Amino acid sequence: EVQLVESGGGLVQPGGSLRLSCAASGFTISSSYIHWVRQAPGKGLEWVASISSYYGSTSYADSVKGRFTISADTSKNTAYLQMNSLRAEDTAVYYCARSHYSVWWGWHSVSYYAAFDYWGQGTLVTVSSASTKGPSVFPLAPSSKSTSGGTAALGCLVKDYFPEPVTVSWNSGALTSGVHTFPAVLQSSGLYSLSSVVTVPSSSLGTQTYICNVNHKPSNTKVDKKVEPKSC
Amino acid sequence: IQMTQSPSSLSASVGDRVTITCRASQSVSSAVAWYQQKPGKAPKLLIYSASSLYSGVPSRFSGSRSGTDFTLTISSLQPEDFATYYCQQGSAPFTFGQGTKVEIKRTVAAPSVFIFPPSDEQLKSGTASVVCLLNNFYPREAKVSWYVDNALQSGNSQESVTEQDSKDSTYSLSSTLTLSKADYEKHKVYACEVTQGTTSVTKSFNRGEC
Ligand SMILES: [Cl-]
Ligand SMILES: [Cl-]
Ligand SMILES: [Cl-]
Ligand SMILES: [Cl-]
Ligand SMILES: [Cl-]
Ligand code: NA
């Protein structure tokens, strides 16, 4: 029943500002310390900030002091992390988390140890001056003449988009067996590209319909593409 | 007050005993936590207070302390256990360890290999993307070579590898070769060669085909 849902990530020009939200459900935020923890792409975990609305106490990773402001609204059972003067070093997936040790005693001079038991889903904060570009989506058509493992393969190539992320889905979520969506790769152009593939019975090539559904929430664009054998 | 984690990466087989160690620079009481992170997902708490198993966490996980050294132990590795594991100290400033990538070791697995010509829609753009798919193989390292009219291609392809499958511990890999529409249109035979051990497979197509 306990859930932590984030919001407010996305692209931001260097030096600009973003506000991240953390909506808690299934527990009161005053009974807890709420923390933010970020992860730069490919690097490890770094604690950023913490708040307890009950004590009115906030604490900041030195790496952000003064530029970040972490706050909470009890009426809304929600925590916020407002970020000002963002730098490239600030690009990361930001997570909110609840410390497992509740503010149990109502006495004030009590330091609590931190272990994070409930986490948000993570939102990406990207600090670049590049423009948002939506993806082009191209079929990866099978051949009945190129069968590998008794089965056939088909795909969607999702090319030249920024920023990440892109969600791919097949036949409106009705096909999940055999699907591999690849991690995105960053082209020399500075644009991203990935592809998503699915293995299917060799017989079903002409008989079945395969539509890939590509979602690029950063550009508010969703593309559906039917995949067919070339058939000239 | 820093947290040195060790080793940085390890491979071990299903059921092997895995031990990750964390080194605190000063004394952090017993307030140390352990997390399992699957790629791009939020970390999951495993151990808090250095020794206490978080509810829901399988019994195969345990934590222990010996002085300034906290260790996480997986008594018999499971294929769904590939992840990156982090130690964290529980007192301020809550430093995290460096991470320990746990990759799983299994039998050699042959890739199923497919090749895909570029689409006509992409051709109206002036660029051709040829994609070579290696499906459900192990180990991760495989030699993929591109040929265009039997000329080896270099410098114009990009690889992407999936994460390990959570039941069979295999990978899948994509190779994307990018060319000008003019370049693609002046050559006939496209081929992707996969080498693994003492077996090479080459998959191909001719531009004029159906
Ligand atoms: Cl508690
Ligand atoms: Cl498109
Ligand atoms: Cl090893
Ligand atoms: Cl940290
Ligand atoms: Cl052909
Ligand atoms: Na992406």
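Residues numbered from 1 in each chain as written, not as in the entry; some residues may be left out. Chains lettered and ligands numbered in written order. Heavy atoms only, no water. Residues with missing side-chain atoms left out of burial classes, pairs and counts.

- The record lists X-ray crystallography as the method behind this PDB entry and 2.65 Å as its resolution.

Describing the sheet that holds strand β16 (residues 171–180) of chain B
The strands that make up a sheet pair up through hydrogen bonds in the backbone, lying either parallel or antiparallel.
Residues and elements named next belong to chain B.
Here's step 1: Here we have 4 strands laid out as an open sheet, ordered β11-β12-β16-β15, and antiparallel in their pairing. Looking along the sheet, the strands with just one partner apiece sit at the ends: β11 (112–116) and β15 (157–161). Neighbouring strand axes in the sheet, compared pairwise and without regard to direction, differ in orientation by 15 degrees on average.
Here's step 2: As defined by bridge partners, β11 adjoins strand β12 (residues 127–137) across 5 bridges and the pair is classed as antiparallel. Among the inter-strand pairings, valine 113 is bridged to a residue of β12, identified as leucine 134. (Pairing = 2+ DSSP bridges. Helix = DSSP H or I, 4+ residues; strand = E, 2+ residues; numbered from the N terminus. Axes fitted to C-alpha atoms, helices over the stretch in contact; angles between N-to-C directions.)

Topic: the side chain of B:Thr162
Here's step 1: Structurally, B:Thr162 can be placed in the loop between β15 and β16.
Here's step 2: Beyond its immediate stretch of four places on either side in the chain, B:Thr162 contacts A:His180, A:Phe182, A:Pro183, B:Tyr171 and B:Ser172. (Contact = heavy atoms within 4.5 Å.)

Concerning the nonpolar core
Here's step 1: Counting residues in hydrophobic clusters, the biggest one holds 66 residues, and the most contacted among them are A:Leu81, A:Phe116 and B:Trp34.
Here's step 2: With 5 residues, the top contributor of residues to this core is strand β9 (residues 92–99) of chain A.
Here's step 3: Apart from residues lying up to four places away in sequence, A:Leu81 is in contact with A:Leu18, A:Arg19, A:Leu20, A:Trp36, A:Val48, A:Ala49, A:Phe68, A:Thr69, A:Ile70 and A:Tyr94.
Here's step 4: By size, the runner-up hydrophobic cluster in this structure holds 23 residues, among which are B:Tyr138, B:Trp146, B:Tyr171 and B:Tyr190. (Core = buried A, V, L, I, M, F, W, Y, C linked by side-chain atoms within 4.5 Å. Buried < 20%, exposed > 50% of the residue type's maximum accessible area, 1.4 Å probe, protein only.)

Things to note about the domain arrangement of chain B
Residues and elements named next belong to chain B.
Here's step 1: Its domain assignment divides chain B into domain 1 (3–105) and domain 2 (112–206).
Here's step 2: Opposite the 8 residues of domain 1 that make contact, domain 2 presents 8 residues.
Here's step 3: Tallied by class, the residues present in the side of domain 1 that touches domain 2 amount to 4 nonpolar, no polar and 4 charged. (Domains from an automatic or database assignment. Nonpolar A, V, L, I, M, F, W, Y, C, P; charged D, E, K, R; others polar.)

Structural notes on the state of the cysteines
Here's step 1: This model, assessed by the stated rule, comprises 5 disulfides over all chains.
Here's step 2: Disulfide pairing places A:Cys156 opposite A:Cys212 at an S-S distance of 2.0 Å. Measuring handedness by torsion sign, the sulfur bridge of A:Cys156 and A:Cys212 sits at about -95 degrees and is left-handed. With A:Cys156 in strand β13 (residues 151–161) and A:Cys212 in strand β18 (residues 210–216), this residue pair connects regions lying 56 residues apart in the sequence.
Here's step 3: The disulfide partner of A:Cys232 is B:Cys210, and the gap between their sulfur atoms is 2.0 Å. In this pair, A:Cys232 sits in the segment after β19 (221–227) while B:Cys210 sits in the segment after β18 (199–206), so the two residues belong to two different chains. (Disulfide = S-S within 2.5 Å.)

Regarding the pairing of strand β9 (residues 83–89) of chain B
Residue and element names in this part refer to chain B.
Here's step 1: With respect to burial, β9 is a largely interior element, 7 of its 7 residues being buried.
Here's step 2: In terms of strand pairing, strand β4 (residues 32–37) meets β9 through 6 bridges, oriented antiparallel. Each bridged residue has a counterpart across the sheet, and for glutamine 36 the counterpart in β9 is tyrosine 85.
Here's step 3: Bridge count for β9 against strand β10 (residues 100–105) is 3 bridges, and the pairing is antiparallel. When the bridges of β10 are listed, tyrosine 85 appears paired with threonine 100.

Examining the pattern of salt bridges
All names here are of chain A.
Here's step 1: For the coordinates displayed, the defined rule picks out 11 salt bridges over all chains.
Here's step 2: The salt bridge involving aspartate 117 is made with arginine 98; its shortest N-O contact spans 3.0 Å. Residue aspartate 117 is located in strand β10 (residues 116–119), and its partner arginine 98 is located in strand β9; the two are separated by 19 residues in the primary sequence.
Here's step 3: Looking at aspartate 117, the relative accessible area reads 9%, which means it is buried. (Salt bridge = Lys/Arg side-chain N within 4 Å of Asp/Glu carboxyl O.)

Quick word on the packing of aromatic side chains
Any aromatic ring pair is given by two values, namely how distant the centres are and how the planes are angled relative to each other.
Here's step 1: Using the criterion set out here, one finds 12 aromatic pairs over all chains in the structure.
Here's step 2: When the centroid spacing of 6.0 Å and the interplanar angle of 10 degrees are considered together, the rings of B:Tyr138 and B:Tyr171 count as stacked. Separated by 33 residues along the polypeptide, B:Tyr138 in the loop between β12 and β13 (143–148) and B:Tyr171 in strand β16 bring together distant segments of the chain. With respect to class, B:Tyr138 is no different from B:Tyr171; both count as buried.
Here's step 3: Arranged with centres 4.8 Å apart and planes meeting at 40 degrees, the rings of B:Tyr184 and B:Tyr190 form a pair that is tilted. The burial state of B:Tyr184 is the same as that of B:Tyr190; both residues are buried.
Here's step 4: Members of the aromatic cluster, connected to one another through ring pairs, are A:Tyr95, A:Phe116, A:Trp119, B:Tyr35 and B:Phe96.
Here's step 5: When the ring centre of A:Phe27 is taken as origin, the NZ or CZ atom of A:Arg98, which lies over that ring, is 4.8 Å away. (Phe/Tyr/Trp six-rings, centres within 6.5 Å; stacked < 30°, edge-to-face > 60°. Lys NZ or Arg CZ within 6 Å of the ring centre and 35° of its normal.)

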